[PDB]
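A short write-up of the structure that comes next.
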2 protein chains.
Amino acid sequence: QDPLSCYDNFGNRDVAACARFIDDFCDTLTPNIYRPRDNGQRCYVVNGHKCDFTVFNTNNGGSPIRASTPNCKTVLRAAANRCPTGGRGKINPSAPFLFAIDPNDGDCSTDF
Amino acid sequence: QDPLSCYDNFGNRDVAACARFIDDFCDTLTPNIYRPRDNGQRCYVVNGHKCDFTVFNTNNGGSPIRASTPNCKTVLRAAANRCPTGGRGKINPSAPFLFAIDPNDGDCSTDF
Ligand SMILES: [Cl-]
Ligand SMILES: [Cl-]
Ligand SMILES: [Cl-]
Ligand SMILES: [Cl-]
Ligand SMILES: [Cl-]
Ligand SMILES: [Cl-]
Ligand SMILES: [Cl-]
Ligand SMILES: [Cl-]
Ligand SMILES: [Cl-]
Ligand SMILES: [Cl-]
Ligand SMILES: [Cl-]
Ligand SMILES: [Cl-]
Ligand SMILES: [Pt+2]
Ligand SMILES: [Pt+2]
Ligand SMILES: [Pt+2]
Ligand SMILES: [Pt+2]
């Protein structure tokens, strides 16, 4: 979990409501192959708001690659423990994947 | 592919650049179990823009369920054939999942 960056303190919503989905998200979306600069996401509804998860290949080029499931879990647990309004990070600075855990206003039926 | 509705929204990105990801999206995201009103998505970069895909459990309740992989492919291929700017729909009016294919401005690095 380096870098690990918290979202700003102006958010309404607390990451504690989202941490229960970390295993489900990491288990289901990290085995996929992601081209450079592509992402995969899930949205989960909770009481009063939603939880948005992201896995993102930060590489600019190179081969499409799958992500590490245990690194996803390590990073997102660190964000849930250190960042009350959610956060994002990598397992170490040379790693290609970024993982994010983001509590947000609204629901999962919007933007499509 | 009923209901099947085209996007009609001032965007001028052609769905034809996104159709190449239909199989990859459906194959990777439909085997996941989704709670009622939850979604999964993927974003793919293409020349000049991006392609946003969604699978969404429209049920209000019931137990979490997975989606049909061939139904996902039928609905998205219908939208790609009938909707030049993308679209969204269900396999028939009683089915729980909605699938969407959305050629959009931008990249896959925004809002996380
Ligand atoms: Cl709705
Ligand atoms: Cl049709
Ligand atoms: Cl329509
Ligand atoms: Cl409609
Ligand atoms: Cl509608
Ligand atoms: Cl809907
Ligand atoms: Cl509704
Ligand atoms: Cl058709
Ligand atoms: Cl027809
Ligand atoms: Cl037709
Ligand atoms: Cl709709
Ligand atoms: Cl529709
Ligand atoms: Pt509709
Ligand atoms: Pt149409
Ligand atoms: Pt709805
Ligand atoms: Pt048709």
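Ordering of the structure tokens sets the chain letters (A, B, ...), residue numbers begin anew at 1 in every chain, and ligands are numbered from 1 in the order given.
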Problem - Distance filter 8 Å, only C-alpha atoms, chain B against chain A, as a list in words - result: residues 28, 29, 32, 35, 37, 38, 39, 40, 41, 42, 43, 44, 45, 54, 56, 88, 100, 102, 108, 109 and 112 of chain B
Do you have, as JSON lines, the list of residues of chain B lying at most 8 Å from ligand 8, each with its nearest atom pair and that distance in Å to one decimal, counting only C-alpha atoms and all ligand atoms and ordered by chain then number?
{"residue": "B:1", "atom": "CA", "partner": "ligand 8", "partner_atom_place_in_ligand_line": "1 (Cl)", "distance": 7.9}
{"residue": "B:77", "atom": "CA", "partner": "ligand 8", "partner_atom_place_in_ligand_line": "1 (Cl)", "distance": 6.8}
{"residue": "B:78", "atom": "CA", "partner": "ligand 8", "partner_atom_place_in_ligand_line": "1 (Cl)", "distance": 3.8}
{"residue": "B:79", "atom": "CA", "partner": "ligand 8", "partner_atom_place_in_ligand_line": "1 (Cl)", "distance": 6.7}
{"residue": "B:80", "atom": "CA", "partner": "ligand 8", "partner_atom_place_in_ligand_line": "1 (Cl)", "distance": 7.7}
{"residue": "B:81", "atom": "CA", "partner": "ligand 8", "partner_atom_place_in_ligand_line": "1 (Cl)", "distance": 5.2}
{"residue": "B:82", "atom": "CA", "partner": "ligand 8", "partner_atom_place_in_ligand_line": "1 (Cl)", "distance": 5.6}
Practice task
Tell me, as a PyMOL selection string, which residues lie within 8 Å of residue A:72, counting only C-alpha atoms; anything in the same chain fewer than 4 positions away does not count.
Solution key: chain A and resi 26+30+67-68+76+91+99
Requested write-out: N, CA, C and O atoms of the selected residues, as a PDB file, in the first residue's frame:
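Result file follows (selection-v5.pdb):
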ATOM      1  N   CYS A  26     -12.419  -7.908  -5.221  1.00  0.00           N
ATOM      2  CA  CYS A  26     -11.085  -8.342  -5.642  1.00  0.00           C
ATOM      3  C   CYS A  26     -11.141  -9.745  -6.252  1.00  0.00           C
ATOM      4  O   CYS A  26     -10.489 -10.006  -7.275  1.00  0.00           O
ATOM      5  N   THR A  30     -10.193  -8.944 -10.362  1.00  0.00           N
ATOM      6  CA  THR A  30      -8.772  -9.001 -10.682  1.00  0.00           C
ATOM      7  C   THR A  30      -8.340 -10.115 -11.631  1.00  0.00           C
ATOM      8  O   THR A  30      -7.300  -9.946 -12.267  1.00  0.00           O
ATOM      9  N   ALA A  67      -4.600  -8.697 -12.840  1.00  0.00           N
ATOM     10  CA  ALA A  67      -4.186  -8.057 -11.581  1.00  0.00           C
ATOM     11  C   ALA A  67      -4.026  -9.094 -10.476  1.00  0.00           C
ATOM     12  O   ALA A  67      -4.597 -10.191 -10.524  1.00  0.00           O
ATOM     13  N   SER A  68      -3.265  -8.717  -9.443  1.00  0.00           N
ATOM     14  CA  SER A  68      -3.036  -9.616  -8.304  1.00  0.00           C
ATOM     15  C   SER A  68      -4.202  -9.539  -7.309  1.00  0.00           C
ATOM     16  O   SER A  68      -4.464  -8.471  -6.723  1.00  0.00           O
ATOM     17  N   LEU A  76      -6.877  -2.379  -0.645  1.00  0.00           N
ATOM     18  CA  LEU A  76      -8.198  -1.850  -0.255  1.00  0.00           C
ATOM     19  C   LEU A  76      -8.439  -1.928   1.261  1.00  0.00           C
ATOM     20  O   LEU A  76      -9.097  -1.053   1.824  1.00  0.00           O
ATOM     21  N   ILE A  91       0.246  -1.586  -4.633  1.00  0.00           N
ATOM     22  CA  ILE A  91       0.942  -2.392  -3.625  1.00  0.00           C
ATOM     23  C   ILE A  91       2.341  -1.839  -3.352  1.00  0.00           C
ATOM     24  O   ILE A  91       2.814  -1.862  -2.211  1.00  0.00           O
ATOM     25  N   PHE A  99      -5.912   0.278  -7.296  1.00  0.00           N
ATOM     26  CA  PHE A  99      -7.213  -0.182  -6.788  1.00  0.00           C
ATOM     27  C   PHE A  99      -7.857   0.958  -5.993  1.00  0.00           C
ATOM     28  O   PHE A  99      -7.157   1.697  -5.270  1.00  0.00           O
TER      29      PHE A  99
END
Problem - All alpha helix (DSSP H) residues (DSSP, backbone) inside chain A, as a PyMOL selection string - result: chain A and resi 22-29+69-82
Exercise for the section: Return the single residue from B:83, B:64, B:10, B:18 that is closest to ligand 10, with distances computed using only C-alpha atoms and all ligand atoms. Expected result: B:83
